[PDB]
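Residue numbers (PDB author numbering), protein chains in the order written: chain H, 1 to 82, 82A to 82C, 83 to 100, 100A to 100B, 101 to 213; chain L, 1 to 27, 27A to 27E, 28 to 212. Built from N, CA and C at the ideal position, the CB exists for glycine as well.
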Amino acid sequence: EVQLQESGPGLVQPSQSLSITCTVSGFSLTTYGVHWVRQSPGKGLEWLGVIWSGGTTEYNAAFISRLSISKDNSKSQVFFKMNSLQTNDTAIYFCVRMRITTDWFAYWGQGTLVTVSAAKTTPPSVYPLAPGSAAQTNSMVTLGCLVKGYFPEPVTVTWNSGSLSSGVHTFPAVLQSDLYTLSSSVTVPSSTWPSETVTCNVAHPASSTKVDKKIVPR
Amino acid sequence: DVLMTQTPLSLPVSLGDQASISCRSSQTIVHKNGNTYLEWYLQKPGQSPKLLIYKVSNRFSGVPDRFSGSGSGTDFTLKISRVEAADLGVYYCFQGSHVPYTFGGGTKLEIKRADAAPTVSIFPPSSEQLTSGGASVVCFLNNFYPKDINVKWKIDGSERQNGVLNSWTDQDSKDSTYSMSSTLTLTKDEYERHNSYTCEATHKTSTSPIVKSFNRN
Ligand SMILES: N[C@H]1[C@@H](OP(=O)(O)O)O[C@H](CO[C@@H]2O[C@H](CO[C@]3(C(=O)O)C[C@@H](O[C@]4(C(=O)O)C[C@@H](O)[C@@H](O)[C@@H]([C@H](O)CO[C@]5(C(=O)O)C[C@@H](O)[C@@H](O)[C@@H]([C@H](O)CO)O5)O4)[C@@H](O)[C@@H]([C@H](O)CO)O3)[C@@H](OP(=O)(O)O)[C@H](O)[C@H]2N)[C@@H](O)[C@@H]1O
Ligand SMILES: *[C@@H]1O[C@H](CO)[C@@H](O)[C@H](O)[C@H]1NC(C)=O
C-alpha cells in the first residue's frame, strides 16, 4: 500500500523549467522526508535534494541556484522545480524515500524521463512480429513486438500486462536518424500457441499512447 | 563532497558462487545523530532501484538472507550468497550522512554459466508496416552463452554484410543467458524486390551455423 506516483513532462525546451509532482500514499509527509534523485548515463545517480517532514529543505550545492522543492502535506504532494534546463539535464528524475533509520517506507517512484530538446513528440507505430514456423526451435516459439519511430524516450513494453515475465527480452532503444526504435520478445511453449493469445502492451507516456497488440501465428 | 568509489565496475561470478562488492567512502560517513547511512541498492534494467541493505548491515523487508552488508567507517561490502539469475543487475552504494548525499558508480553483476547455443527466429515485416512503406526484417538470437556471436543475413543466396541494426539485452533474469535482435531496415518497395530471406547465427558452441529463413510468396 506504499506508492510514490510521479507526473511530469517528457519533453522540455532548452533554458525553460521543469515541474514534477510526486504524490505519496501510505505514509504522511508530516512524519517523513522525501528526496529527489536523477539518473543519467553521464554522471550515474545524483542526489538533488530533500524536503524534511517539518518543511526544511536541503539541496545539492551544484544545483542549488536553479532548484526548488516544496510540498502540500494535506494533499500528500511534493513538488520539484528545476530552472534553466540545459541539454545535459536530460535524465530520469525520481522522487524517493531513502536514507531510512527506523521506518520501512523505503520506496522509489517510477521516474520521469525528462528530455531537454526542441524537437517534437512523435508516438511509436507498433508492429507485431508474428512468428510463423520459422520462429520456432525445439518446443518453444518466440514472439515479438517492434516499436518503431518514437520520440522522446521511453517506451515500456510488457507482455500480458506483466503476468508473462519469464522469457521476456526487451532490447534497448536505438536512434534511427531522429526517431527511436526498439523490439521486445517473449518465448513461450508451442503448446500454448494454438489456444492462447499473447499480447504486447506498449506505452509511450510522452504522447499518452497505450497500445495492446495481439500477436498470433503466421 | 564525499566520493563513493565502487569496485569492480563489473563483477564476474559463477552461478551458485558468492559475490562481494566493495564500496569505499573518501571520508567517514557517520551522521550527526550517530547513524551510518550506508545503503545498498539493486537496479534491474528498465526498473527503478530497490533497497537491499540500510544502515550498513540491516536487511530491508522482503530481502532474502543471501544478501548481507558489513564494513566500517570508509570501507563497506555487500555479500551475496548463492548468486542466482534473479540477482542480476547493477548494484549501487549510497551515503546519506553528509550533504550532498552521493552514490557510487555502480557494479554490474555478470554471471558465469555453461555454454548455450542460440535459438534463431526470423520475422517477415508485418502488413501494417508495409502499408506505411517500411519493411523491417527481424531475426532474434535467443538464450545463448557466452555473449560473443556472429549473425549473417542472406537475400536470395547473396549475403547482406551491411545495414544490420544489432541490439543486445543484459543477462537474462531467469537463466543468465544473452539475447540479440538483428534488424534489416528496408522500404516496402526494396523488400518486395527479393523472395528468399535468411538469418544465420554463428556461435562458438557449433561449427555449423544455425539457420532460419522465409519466402515472401
Ligand atoms: N541536537 C539536535 C536536536 O536539538 P533539539 O534539542 O533542539 O531537538 O534537533 C535539532 C533539530 O530540531 C528539531 O527540528 C525538528 C524539525 O526537523 C527538521 C524538519 O523536519 O524540517 C529536520 C532537521 O534535520 C535533521 C536535524 O538537524 O535534526 C537532520 C537531517 O539529516 C534529518 O535526519 C532530520 C530528521 O531526523 C529526518 O527525519 C526522518 C527522515 O525523514 O528520515 C523522519 C523521522 O520520522 C525519523 O524517522 C528520523 C530518524 O529517526 C533520523 O533522525 O528521520 O533531522 C532540521 O533541518 C530542522 C531545522 O533545524 C529546524 O528549523 O528541521 C522539529 O520537529 P517538528 O517539531 O516536528 O517541526 C523539532 O521541534 C526540533 N527539536 C538539531 O538541529 C540539533 O542538532
Ligand atoms: C553539464 O554541463 C555543465 C557545463 O555547462 C557541467 O559543468 C556539468 O557538470 C554537466 N552535468 C552533467 C550531469 O553532465
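When DSSP labels each residue in this structure, what does residue i get in the three-state scheme?
i: H/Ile64; result: helix
i: H/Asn73; result: coil
i: H/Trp154; result: strand
i: H/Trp100A; result: coil
i: L/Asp110; result: coil
i: H/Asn82A; result: coil
i: L/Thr126; result: helix
i: L/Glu185; result: helix
i: H/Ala129; result: helix
i: H/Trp52; result: coil
i: H/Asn85; result: helix
i: L/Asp1; result: coil
i: H/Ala114; result: coil
i: L/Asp82; result: helix
i: L/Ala196; result: strand
i: H/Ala201; result: helix
i: H/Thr182; result: strand
i: H/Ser190; result: helix
i: L/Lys27E; result: coil
i: L/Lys142; result: coil
i: L/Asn161; result: strand
i: L/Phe55; result: coil
i: L/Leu73; result: strand
Quick one: residues in its chain with C-beta nearer than 6 Å to the C-beta of residue i, no 5 flanking neighbours on either side, listed in chain order?
i: H/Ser70; result: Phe79
i: H/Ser179; result: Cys140, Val152, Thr165
i: L/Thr193; result: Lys149, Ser208
i: H/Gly106; result: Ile89, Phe91
i: H/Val142; result: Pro119, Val121, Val150, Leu177, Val197
i: H/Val93; result: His35, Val37, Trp103
i: H/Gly162; result: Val181, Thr182
Please decide whether residue i counts as near chain H, where near means a Cβ-Cβ distance under 8 Å.
i: L/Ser56; result: yes
i: L/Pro44; result: yes
i: L/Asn157; result: no
i: L/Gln124; result: yes
i: L/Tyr86; result: no
i: L/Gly152; result: no
i: L/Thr7; result: no
i: L/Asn30; result: yes
i: L/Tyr49; result: yes
i: L/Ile75; result: no
i: L/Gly66; result: no
i: L/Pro141; result: no
Give every residue of the same chain whose Cβ lies closer than 7 Å to the Cβ of residue i, excluding the five residues on either side of it in the sequence, and list them in chain order.
i: L/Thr31; result: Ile27B, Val27C, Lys50, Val51, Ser92
Taking a contact to mean a Cβ-Cβ separation below 8 Å, would you say residue i touches residue j in this structure?
i: H/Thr132; j: L/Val115; result: yes
i: L/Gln6; j: L/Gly100; result: yes
i: L/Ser171; j: L/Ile106; result: yes
i: H/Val109; j: H/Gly8; result: yes
i: L/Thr97; j: L/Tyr86; result: no
i: H/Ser134; j: H/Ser185; result: yes
i: L/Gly158; j: L/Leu179; result: yes
i: H/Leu29; j: H/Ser68; result: no
i: L/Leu3; j: L/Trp35; result: no
i: H/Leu18; j: H/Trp36; result: no
i: L/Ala80; j: L/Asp167; result: yes
i: H/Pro126; j: H/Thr204; result: no
i: H/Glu58; j: L/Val132; result: no
i: H/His199; j: H/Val150; result: yes
i: L/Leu33; j: L/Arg108; result: no
i: L/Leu83; j: L/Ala130; result: no
i: L/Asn161; j: L/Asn190; result: no
i: L/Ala196; j: L/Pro113; result: yes
i: H/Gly26; j: H/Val2; result: yes
Any beta-carbon of chain L closer than 8 Å to the one on residue i?
i: H/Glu148; result: no
i: H/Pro126; result: yes
i: H/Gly8; result: no
i: H/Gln5; result: no
i: H/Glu191; result: no
i: H/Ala129; result: yes
i: H/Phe166; result: yes
i: H/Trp52; result: no
With a threshold of 8 Å on Cβ separation, who are the neighbours of residue i within its own chain once the five nearest residues in sequence on each side are excluded?
i: H/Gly55; result: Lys71
Checklist entry - In chain order, what are the residues with a CB under 7 Å from some non-hydrogen atom of ligand 1? => result With the cut-off at 7 Å, the residues found are H/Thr31, H/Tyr32, H/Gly33, H/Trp52, H/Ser53, H/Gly54, H/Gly55, H/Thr56, H/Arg96, H/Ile97, H/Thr98, H/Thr99, H/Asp100, L/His27D, L/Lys27E, L/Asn28, L/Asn30.
Checklist entry - Got a list of residues with beta-carbon closer than 5 Å to any non-hydrogen atom of ligand 2, in chain order? => result Residues flagged by the Cβ proximity filter: H/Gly42, H/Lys43, H/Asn85.
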